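Let me begin by presenting the structure, written as structure tokens, before commenting on it.
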Amino acid sequence: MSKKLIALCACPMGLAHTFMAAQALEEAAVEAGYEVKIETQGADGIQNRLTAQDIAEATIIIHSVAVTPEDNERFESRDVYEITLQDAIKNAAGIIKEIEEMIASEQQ
């Protein structure tokens, strides 16, 4: 069926840096076929806010962060792949497809 991916980009610099990580992880997850919803936390504010439903649907989560995100508690109970916000930009596609083949391998 239609699987789901979410992410959280949180930067000490602010939302501009989180949007580079957001755009990157988004493209990657779109090529993976499923849904993608990425919340962005920074000193400027929070954009593209995830819902309790988004985090529940999420077969995959990526906390692409450099600081502890204020909303990390919502994902405490859930399966999160917590990396650096920089890895989200340089390795965007690599991250998503690696989580895909790790989960798929144990789901076979």
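Every number here is computed from the coordinates shown, using simple stated rules; none is lab data. Here Cβ is always computed from backbone atoms with ideal geometry, including for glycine, and neighbour counts include all displayed protein chains.
Listed values, structure above:
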read-out: Computed lengthening from residue 101 to residue 16, 0.36 nm per intervening residue step minus Cα-Cα distance; value: 27.5 nm
read-out: Net charge of Cβ neighbours under 13 Å - reference residue 66; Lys, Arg +1; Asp, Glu -1; value: -2
read-out: Amide H within-cut-off set for residue 6, under 5 Å, with H built and near neighbours excluded; value: 37, 60, 61, 62
read-out: HN-Hα J in Hz across segment 61-67 - Karplus 6.51, -1.76, 1.60, θ = phi - 60°, x for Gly and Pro; value: 10, 10, 8, 7, 10, 10, 10
read-out: Taking all pairs of distinct alpha-carbon atoms in the chain, Kirkwood radius in angstrom; value: 13.5
read-out: Dipole moment magnitude, nearest 20 debye, the chain about Cα centre, only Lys, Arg, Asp, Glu C-beta charged; value: 140
read-out: The chain: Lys pairs at Cα distance under 14 angstrom, eight or more positions apart or on different chains; value: 4
read-out: Extreme residue, positive dipole direction of the chain, given options 22, 95, 59 (C-beta unit charges); value: 22
read-out: Relative packing of 73-85, 39-51, 13-25, which averages over residues the other C-beta atoms within 10 Å, highest first; value: 13-25, 39-51, 73-85
